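Enquirer: Those protein sequence lines, which keep their order, are chains A and E.
Counting in the entry's author numbering, the first sequence runs from 22 upward without gaps.
Reading the second sequence from the start, the letters are residues 334 to 517, 523 to 526 in the entry's author numbering.
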Amino acid sequence: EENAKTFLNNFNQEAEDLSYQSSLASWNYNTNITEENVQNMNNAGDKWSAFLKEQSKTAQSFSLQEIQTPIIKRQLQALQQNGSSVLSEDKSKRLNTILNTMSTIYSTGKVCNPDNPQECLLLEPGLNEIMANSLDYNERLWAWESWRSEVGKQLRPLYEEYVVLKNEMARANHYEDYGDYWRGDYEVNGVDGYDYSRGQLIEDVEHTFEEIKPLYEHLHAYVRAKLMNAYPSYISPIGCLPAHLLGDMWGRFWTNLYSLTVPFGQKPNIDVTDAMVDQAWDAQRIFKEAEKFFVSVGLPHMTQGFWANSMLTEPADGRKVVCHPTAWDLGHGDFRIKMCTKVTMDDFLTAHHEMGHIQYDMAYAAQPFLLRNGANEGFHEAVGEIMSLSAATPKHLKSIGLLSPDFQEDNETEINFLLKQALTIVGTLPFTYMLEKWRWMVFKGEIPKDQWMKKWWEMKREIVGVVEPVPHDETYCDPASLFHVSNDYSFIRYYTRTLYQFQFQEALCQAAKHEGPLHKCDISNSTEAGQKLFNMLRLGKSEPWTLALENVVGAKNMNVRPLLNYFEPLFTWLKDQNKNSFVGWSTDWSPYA
Amino acid sequence: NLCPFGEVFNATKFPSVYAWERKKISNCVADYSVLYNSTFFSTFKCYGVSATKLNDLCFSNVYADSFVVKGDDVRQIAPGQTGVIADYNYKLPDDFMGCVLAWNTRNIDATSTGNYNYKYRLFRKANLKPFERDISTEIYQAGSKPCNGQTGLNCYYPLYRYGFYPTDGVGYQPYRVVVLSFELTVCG
Ligand SMILES: *[C@@H]1O[C@H](CO)[C@@H](O[C@@H]2O[C@H](CO)[C@@H](O)[C@H](O)[C@H]2NC(C)=O)[C@H](O)[C@H]1NC(C)=O
Ligand SMILES: *[C@@H]1O[C@H](CO)[C@@H](O)[C@H](O)[C@H]1NC(C)=O
Ligand SMILES: [Cl-]
Ligand SMILES: [Zn+2]
């Protein structure tokens, strides 16, 4: 039995060194894009990649059932996975090549305007600006279609081989398909009453989705009525919503629709972006002020190596940087944040999400290397959101000094706030399920490749209530038009993390002894509730996610009740507005016919 | 004459924790004023005797044990610890009588490419006795039959390297530790 105990102590000391060679090399690329750094980010990771496979096979010789201490059982299963090297020699390189070819044409994808051929825009910030601010139905129709017809159709032949090759990877790893490969994240095979099946994931997300439909169907009817004023004669009062009028490229978030669907736009806006500029704030002031939020609840400060090795601003003066905000846990106590912070309220709240990732990383640092990870794929993104939920409340903005102390918090300002939160939180729930349900069936083989796009839009209207503006045959690849689909990223984590972020908030505000509504809770000054989250952040990947969730919320599974209580004042207000409107949508209307 | 404490503290090269060296202090007066009137040490943790009584005290002989561990392995140089450094590299007796001084040396012991000179023992059958020293590189046989001098499956090398980097966190930065043991000729 001790034979496996020394094996892990050999891995946990040698993997940390190799995982720091790759983690430090990956930072040198995202902070200094150079063709030379492409090799260092790759080669230092390939040596690490060749190490995990040699140790996964050596750990696989150990009899898994012949363990007795629980800390060692869970460490071996993290290495018991076969991985992706079960594929053939030549098919492993072609499958790895199409992943790059899909990831490149997603970023290199540029479309040119027929009215102005010299102007050719990219996805960011070219097409995304048109989908996020333009009000021309035809201009939004072009950017939506040109992305799916010029760069989406290029992903179609690659994605057909992407599915057939990665299914072979999963079917050889004792899985049913690549869709089953991703559902193994929530799988638990251990303590009595804490186990969880891979197929149970499908049953739970569908069961908890039914309590979301009453709230979402009223948001859909309210947004459609407001959108009928912005785009008249283009929207049916009973039909679905056009895909290009949802606020972004794919209709994932309806956040940009707040300028069109605001309940009481006459009141002063809560975007405190202007107040940050006239106070001479920089990226230092934002992260330093965010540091004060974590220290107020008992959590440690940001280490000096963080303030000295993190990229808090756009580099400038001679460098290239992937400006996507990411929180990095390189190991060896090295914690950094790579983000091109602007002097805006959106980047002010993003610093609270990304530093929330670091606080989780700093907590489980005592866990072994194999156990240093979130409870599940959605636990990390839920920890970052509960930080931004408390930081976005007016009581927190006024206490920091950004909002005016005489800001009137009427019952109408809370409806405007809950409506803005609904356009981002509850608006993405049907889109996330329908997207992952499509890939779950495509991997399952229920959707043949000669009708991938027919069933994709048949679920857009049924699940999300969204209609395509122009008909699409099978040459299109609208699913892969999103980042997570064309870059091999699971998407169900964004659905589970949303329900996790409200079970955490309700459980933490009860420990913080909050009294008002859930949307007015600020967990600042709460060293009592800060220890309650500390108890689960230190857990890491040791105990199953069912147990880590139970340590804070007291439940073994996800629950939709906290989310509905957060939007309860808005849900009652949406049912009042839609009394003379039509709640629901017809899956047969289309903007062409 | 005074005791040469500079030959162990301000020493140029420090040994690994598994091969820590010991130096005997004989007939000489000890100068604890420089150690006390200096914030250069990061810990300065004493056991058995207080930090202010040894000034006007006499001992039979004093021993200084110098080595280097990581930041998190400094807390294991204390009586009653069960870490890797305590069990397999350097164990202090429960009746220890002396002080343990440490200070951060990332500026000298951590190069850009990582300084892998400092090592530590990771595998050893049974734990180390108090003040015991083991510098054997014999191949550690884990489970069944031995290894015939050859490493492999269930056959691991006993020693492993630290490799301190400048970007390492404060708990992964190198620290030079000096353990001053008082055994009951060396007054103050
Ligand atoms: C709790 O956190 C709040 C911020 O949310 C702190 O409130 C500010 O504290 C500073 C320093 O004392 C004052 O200058 C501000 O006027 C306070 N703003 C308020 C009260 O809105 C507070 O100090 C923290 N600690 C305690 C014990 O409340
Ligand atoms: C970026 O990396 C290259 C090598 O890939 C190096 O020569 C250059 O100095 C680096 N620049 C900065 C600003 O770090
Ligand atoms: Cl879409
Ligand atoms: Zn995140």
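Heads up, the beta-carbon is just placed ideally off N, CA and C, and yes, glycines get one too.
If residue 430 of chain E sits next to residue 342 of chain E, beta carbons under 8 angstroms apart, how far is it from one beta carbon to the other, in whole angstroms?
Expert: At roughly 20 angstroms, the Cβ-Cβ gap does not stay under 8 angstroms, so residue 430 of chain E and residue 342 of chain E are not in contact.
Enquirer: Would you please verify whether the beta carbon of residue 435 of chain E is less than 8 angstroms from any beta carbon of chain A?
Expert: Residue 435 of chain E does not count as touching chain A.
Enquirer: Just to make sure I have the definition right: I need the residues of chain E whose C-beta is within less than 9 angstroms of the C-beta of residue 354 of chain A. Which are they?
Expert: Under the 9 angstroms cutoff, chain E gives 404, 405, 501, 502, 503, 504, 505, 506.
Enquirer: Quick one: list the residues of chain A neighbouring residue 448 of chain E, beta-carbon separation under 7 angstroms, in chain order.
Expert: Going along chain A, no residue has its Cβ under 7 angstroms from residue 448 of chain E, so there is no contact; the nearest lies around 13 angstroms.
Enquirer: Among A:256, A:72, A:544, A:41, whose alpha-carbon lies nearest the alpha-carbon of residue 313 of chain A?
Expert: With distances taken between Cα atoms, residue 313 of chain A lies closest to A:544.
Enquirer: On the criterion of 16 or more Cβ atoms from any shown chain inside 10 Å, does residue 362 of chain A qualify as buried, or is it exposed?
Expert: Buried: at least 16 other Cβ atoms inside 10 Å.
Enquirer: Could you give the DSSP three-state label for residue 477 of chain A: helix, strand or coil?
Expert: Residue 477 of chain A: helix per DSSP, three-state reduction.
Enquirer: Is the region 193-201 of chain A in contact with the region 458-468 of chain A, if contact means three or more CB pairs nearer than 8 angstroms?
Expert: With the cut-off at 8 angstroms, the region 193-201 of chain A and the region 458-468 of chain A touch.
Enquirer: Residues of chain A with CB closer than 7 angstroms to the CB of residue 475 of chain E, please, in chain order.
Expert: Under the 7 angstroms cutoff, chain A gives 24, 27.
Enquirer: Is it buried or exposed, residue 564 of chain A, if we count other Cβ atoms within 10 angstroms and call 16 or more buried?
Expert: By the neighbour-count rule (16 or more Cβ atoms within 10 Å), residue 564 of chain A is buried.
Enquirer: Would you check if there are 3 or more beta carbon pairs closer than 8 angstroms linking the region 474-482 of chain A to the region 494-512 of chain A?
Expert: Cβ pair count under 8 angstroms is three or more, so yes.
Enquirer: Measure the beta-carbon distance from residue 561 of chain A to residue 392 of chain A and round it to whole angstroms, keeping in mind my assumption that it falls under 8 angstroms.
Expert: About 5 angstroms separates the two Cβ atoms, so the contact holds.
Enquirer: By DSSP, does residue 497 of chain E sit in helix, in strand, or in coil?
Expert: In the structure shown, residue 497 of chain E sits in a strand (DSSP, three-state: E or B).
Enquirer: Cα separation between residue 481 of chain A and residue 182 of chain A?
Expert: Using only the alpha carbons, I get a separation of about 24 angstroms.
Enquirer: For a contact meaning CB atoms closer than 8 angstroms, what does residue 38 of chain A contact in chain E?
Expert: Going along chain E in sequence order, the residues near residue 38 of chain A (Cβ under 8 angstroms) are 496.
Enquirer: So, does the region 592-611 of chain A touch the region 363-374 of chain E, judging by three or more C-beta pairs under 8 angstroms?
Expert: Segments in contact, no.
Enquirer: Given that residue 493 of chain E touches chain A, what residues does it touch there, using C-beta distances under 7 angstroms?
Expert: What residue 493 of chain E touches in chain A: 34.
Enquirer: Mind checking the region 454-478 of chain E against chain A and listing, in chain order, the residues whose C-beta falls within less than 9 angstroms of any C-beta there?
Expert: Those residues of the region 454-478 of chain E that come within reach of chain A (Cβ to Cβ, closer than 9 angstroms) are 455, 456, 473, 475, 476, 477.
Enquirer: Within 10 angstroms of the Cβ of residue 525 of chain E, are there 16 or more other Cβ atoms? Answer buried if so, exposed if not.
Expert: Answer is exposed; the Cβ neighbour count stays below 16.
Enquirer: Return yes when the Cβ of residue 403 of chain A is within less than 8 angstroms of the Cβ of residue 306 of chain A, no when it is not.
Expert: No, they are not a contact pair.
Enquirer: What are the residues in the region 375-389 of chain E lying within 7 angstroms of chain A by C-beta distance?
Expert: Those would be none; no residue qualifies.
Enquirer: Against chain A, with Cβ distances strictly below 8 angstroms, would residue 351 of chain E count as a contact?
Expert: No - not a single Cβ of chain A is within 8 angstroms of the one on residue 351 of chain E.
Enquirer: For residue 499 of chain A, is the beta carbon positioned less than 7 angstroms from some heavy atom of ligand 6?
Expert: Ligand 6 is not among the ligands present in this structure, which contains only ligand 1, ligand 2, ligand 3 and ligand 4.
Enquirer: Check whether the Cβ atoms of residue 411 of chain E and residue 425 of chain E sit closer than 8 angstroms, and answer yes or no.
Expert: Yes, the Cβ-Cβ distance between residue 411 of chain E and residue 425 of chain E is below 8 angstroms.
Enquirer: Are the Cβ atoms of residue 410 of chain A and residue 590 of chain A separated by less than 8 angstroms?
Expert: No, the Cβ-Cβ distance between residue 410 of chain A and residue 590 of chain A is not below 8 angstroms.
Enquirer: Give a single yes or no on whether residue 502 of chain A has its beta carbon closer than 7 angstroms to a heavy atom of ligand 3.
Expert: Answer for residue 502 of chain A: yes, Cβ within range of ligand 3.
Enquirer: Under 9 angstroms between beta-carbons, which chain E residues line up against residue 45 of chain A? List them in chain order, please.
Expert: Neighbours of residue 45 of chain A on chain E, chain order: 498, 500.
Enquirer: Measuring from each Cβ to the nearest heavy atom of ligand 1, keep the ones under 7 angstroms and list them in chain order.
Expert: Qualifying residues come out as A:317, A:417, A:419, A:420, A:421, A:543, A:545, A:546.
Enquirer: In whole angstroms, what separates the C-alpha of residue 451 of chain E from that of residue 204 of chain A?
Expert: The straight-line gap from Cα to Cα measures roughly 44 angstroms.
Enquirer: Measuring from each Cβ to the nearest heavy atom of ligand 4, keep the ones under 7 angstroms and list them in chain order.
Expert: The set, ordered by position in the chain, is A:348, A:374, A:375, A:378, A:401, A:402, A:405.
Enquirer: Could you please go through the chain and list the residues whose beta-carbon is closer than 6 angstroms to any non-hydrogen atom of ligand 2?
Expert: The filter returns A:53, A:55, A:57, A:58, A:340, in chain order.
Enquirer: Can you check whether the C-beta of residue 326 of chain A is within less than 8 angstroms of a C-beta belonging to chain E?
Expert: Yes, because at least one Cβ of chain E sits closer than 8 angstroms to the Cβ of residue 326 of chain A.
Enquirer: For a cutoff of 8 angstroms on Cβ pairs, would you count residue 79 of chain A as touching chain E?
Expert: Yes, its Cβ sits closer than 8 angstroms to a Cβ of chain E.
Enquirer: Taking the runs of the alpha helix (DSSP H) that are 4 residues or longer, which of them lie wholly in the region 416-472 of chain A?
Expert: Segments of the alpha helix (DSSP H) lying fully in the region 416-472 of chain A: 432-445, 450-465.
Enquirer: Once the 5 residues before and after residue 46 of chain A are set aside, which same chain residues still bring their CB inside 6 angstroms of it?
Expert: So the list reads 61, 62, 65, once near-sequence residues are dropped.
Enquirer: Between residue 264 of chain A and ligand 3, is the CB less than 7 angstroms from at least one heavy atom?
Expert: Residue 264 of chain A Cβ: within cutoff of ligand 3.
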